[PDB]
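Okay, here we've got a single chain as structure tokens, the form deposited in one PDB entry, with questions on binding and movement later.
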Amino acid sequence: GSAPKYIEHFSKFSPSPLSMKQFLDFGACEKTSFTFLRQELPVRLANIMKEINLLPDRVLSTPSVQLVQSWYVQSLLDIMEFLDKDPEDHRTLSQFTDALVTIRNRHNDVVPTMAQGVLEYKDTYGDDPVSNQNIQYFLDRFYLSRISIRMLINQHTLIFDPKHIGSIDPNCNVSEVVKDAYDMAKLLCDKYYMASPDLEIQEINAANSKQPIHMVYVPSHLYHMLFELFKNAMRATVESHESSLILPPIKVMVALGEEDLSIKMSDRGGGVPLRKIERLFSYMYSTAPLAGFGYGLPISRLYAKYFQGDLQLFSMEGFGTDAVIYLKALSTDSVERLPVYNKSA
């Protein structure tokens, strides 16, 4: 077999970041998506596969890594089939879509699979800060790459099976998605705890204080992030108050500025000492109910970063925690953030 040759070839190429605009202007032909993706997925697969291969043998040799390395290989080979093939042939196109869906399914379990390798490494080699930064360095890049690939595939499979453009809503109502995520977190919270804090949403449209706040975004991504933040904020409010009688609401502010769309989630759950914040974003130190232990925070932070956003926690121990999602607001500033293989190895 030739996998290491292909990995070599395509890891010479750079992933090509797309903007929201570019993603909408595919709402262009299917032939164009096909010829784009049969180049670009190999480039993006190979770039990460190359980085996996740089991991020390004691990590690389583990079953978890070998297993997802084997998925990445099959998936690269699956797309090779189509490199010679003819876009004009409508059956090349429908077989390609078959092929992407198969690939997407194959990769569904990477997160907990890679999680299992983190746990194995913790017990096998220990949990020193240097182990921590390396796992954090590696997985932020790996998971961000994974997000970027799922985005491409979904965009194709959802368009080439009109208002939403695949996973993108050009008129995304932010408050609508906040409530959706709230309602769902409340459901689970009431289940496990038989009480839930209430929601208050305030909006601030600086430039247009009347108009409700719409953006171009990928709502599932925003949902993912708000869901995780609600779960945390509900767990924290409820547990800090099981003696007490009142449950303070969770307050969400949605601010639209010239360049930032900011979503703050303010809970009154007794907060986190500054010392313990960074650990909350750590894959290693969050590996072992509603919320309490999982990869929600770090991965929610990646979804934010993916379109040049961010996601920050600021607490006040004894008072509560502010979680802020920062997004771009303008589709022009909303460009893929990709980890690229190069010098910095």
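From 1 onward, residues are counted along the sequence shown.
What comes next is about the form solved in complex with a small molecule, which does not appear here.
- Look at 72 to 80, 176 to 184, 213 to 221, 148 to 156: in the entry with it bound, residues with non-hydrogen atoms within 4.5 angstroms of the small molecule sit in 148 to 156.
- Not displayed here, the small molecule is approached by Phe26 to within 4.5 Å at the level of heavy atoms in the entry with it bound.
- Within 4.5 Å of any heavy atom of the small molecule in the entry with it bound lies no heavy atom of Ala329.
- Taking non-hydrogen atoms only, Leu37 approaches the small molecule to within 4.5 angstroms in the entry with it bound.
- Residue contact with the small molecule in the entry with it bound: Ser33 places a heavy atom within 4.5 Å of it.
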